[PDB]
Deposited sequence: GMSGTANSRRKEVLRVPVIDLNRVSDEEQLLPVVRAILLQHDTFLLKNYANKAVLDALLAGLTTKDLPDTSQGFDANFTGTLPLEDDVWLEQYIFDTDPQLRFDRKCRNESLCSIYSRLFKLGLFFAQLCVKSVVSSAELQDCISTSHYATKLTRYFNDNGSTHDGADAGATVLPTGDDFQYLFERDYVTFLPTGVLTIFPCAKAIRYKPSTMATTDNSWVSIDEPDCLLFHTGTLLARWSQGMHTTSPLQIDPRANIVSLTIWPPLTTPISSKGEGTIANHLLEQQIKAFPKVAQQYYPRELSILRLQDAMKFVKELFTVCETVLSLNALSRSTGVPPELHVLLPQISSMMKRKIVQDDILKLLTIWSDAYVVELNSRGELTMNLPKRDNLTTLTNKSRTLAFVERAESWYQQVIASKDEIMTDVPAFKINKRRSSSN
C-alpha cells in the first residue's frame, strides 16, 4: 500500500532522512501521520466549505492565477508565487483561511522538500536550490457549491492536507483510491525524478474536483534551468502542465503552445497507425495467392481494434500526407479504395531499406515544417486527397 511516516515515532531530520530516502528509492507517494496540527488544519478545511468563498471578481490570468469557474458548479482558486522580485508572481494566497493552510503546508512542505532532494539528488549545487529565500509555490483550491482529474505534478513535492478523494498508481495499470482522513498526503513531482538522474521515479495522480481538494506544490525558483544540457526551465514544464489541466484557459492565453501539444498527439497517432497498418497488410497478404489488393473497408475493423479506437478511411489517408510513397491507394473496379505495398522501386526504396525508419523520419520532418512555418499551424494531419 502506501508508505506511512508516523511523526510520533520519527520527528527530527536525523531520523527522517533514512526513512524518506528508503521510501523515495521505491515510492513516490507517502502518508504523514500524527502531524501536530492536523486538527487545526482539518478545522480550517472545514471552514472553507461554508465561508471564505472564492473571489469571483478576481479573474484568472496568464499566470494561471486567480479564480476559475469550472463545470458542475465547481470553482478553482489558484495562486502561483515566486520569491524572485524580478518575477510578477507576488501572491501566495488570498483569504485568511487559505493563508493559514498555506503557512502550515509550506513550513511542513519546505522541510520535506529539502529532505527529498537530500535523499535522491547527488548534485551538491542542487542541495540548496530550495530555501526560505528561494522557492516557488502553487496553492490550488477546489470549491464545490454543495469523474477524476488526471495530472502529473512537476514540483519537488505536492502536499494534500487530507488523504481523501485521491487516487494513485502503486509501484507494485490500475488506480487505487486513498482514504486516510487522519493523514496528509505527499506526492513527488517530475522535477525530483529528473534531478535524481535515475534514482527516483514518480507517477500521475487523480483527484475529485468536487471534493474540495486543496494542494500545495513546491519548486525551486521558476527560472531554474531543468538541466545543463538544455535551455528549458521549470517555468516551461509548469506551463505545459497547466495547459493540459486547463486547455480552455490555454486557448486564450497560450494558443500556440496548446495547438503544438495537440499536434504532438496527432504525431503519436499516425506513427502507431503506420505500424498497425504494416502488420494488418502483412497478415492479409498471407491469406492471398493472387495480386488482388484488399478493399480498405475490409481492413478497418482489424486496424481499429489494434488502435483501440475507431479508425476511418480518412485516418489512413493521413499516412500518405506524411509519406505519399508509403502505400498504393486507388479506386477499384467498383469505386472502392484499395491499399497495398508498392511493387516497383523508387529513389527512396533504392536508397533506404527500412519502411519503418522511413516513415518516422518523414513524420518528424513534416512536424517541423508545420511548427517552423508562421502560417496558422494545424492540430492534426490533413487527409491526402486521392
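Missing from the model, by position in the deposited sequence, are residues 1-14, 161-186, 213-217, 432-439.
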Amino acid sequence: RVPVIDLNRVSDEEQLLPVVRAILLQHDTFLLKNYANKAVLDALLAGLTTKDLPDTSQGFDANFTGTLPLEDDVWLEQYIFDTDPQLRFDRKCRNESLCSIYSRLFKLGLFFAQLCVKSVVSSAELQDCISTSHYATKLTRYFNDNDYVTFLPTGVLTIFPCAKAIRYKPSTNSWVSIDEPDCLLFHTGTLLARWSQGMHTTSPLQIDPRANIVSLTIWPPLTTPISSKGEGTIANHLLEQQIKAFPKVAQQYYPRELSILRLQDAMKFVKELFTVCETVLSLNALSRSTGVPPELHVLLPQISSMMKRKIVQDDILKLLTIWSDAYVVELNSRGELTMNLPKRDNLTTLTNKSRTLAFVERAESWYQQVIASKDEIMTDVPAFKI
From here on, numbers count along this sequence of modelled residues.
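Here 245-253 and 174-182 are compared by their mean Cα B-factor, and 174-182 comes out higher. If you average the C-alpha B-factors over 60-68 and over 353-361, the higher value belongs to 353-361. Among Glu77, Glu240, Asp90, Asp128, the highest C-alpha B-factor in the deposited entry belongs to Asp128.
Comparing C-alpha B-factors across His187, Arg262, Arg194, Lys164 in the deposited entry, the largest value falls on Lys164. In this PDB entry, the Cα temperature factor of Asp147 sits in the top third of its chain's modelled residues, the highest group. For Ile213, the recorded CA B-factor ranks within the middle third of the chain. Only modelled residues enter the ranking. Ranked against the other modelled residues of its chain, the C-alpha B-factor of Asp55 as given in the entry falls in the middle third. When all modelled residues of the chain are sorted by CA temperature factor, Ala22 is found within the middle third. Sort the modelled residues of the chain by CA B factor and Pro220 lands in the lowest third.
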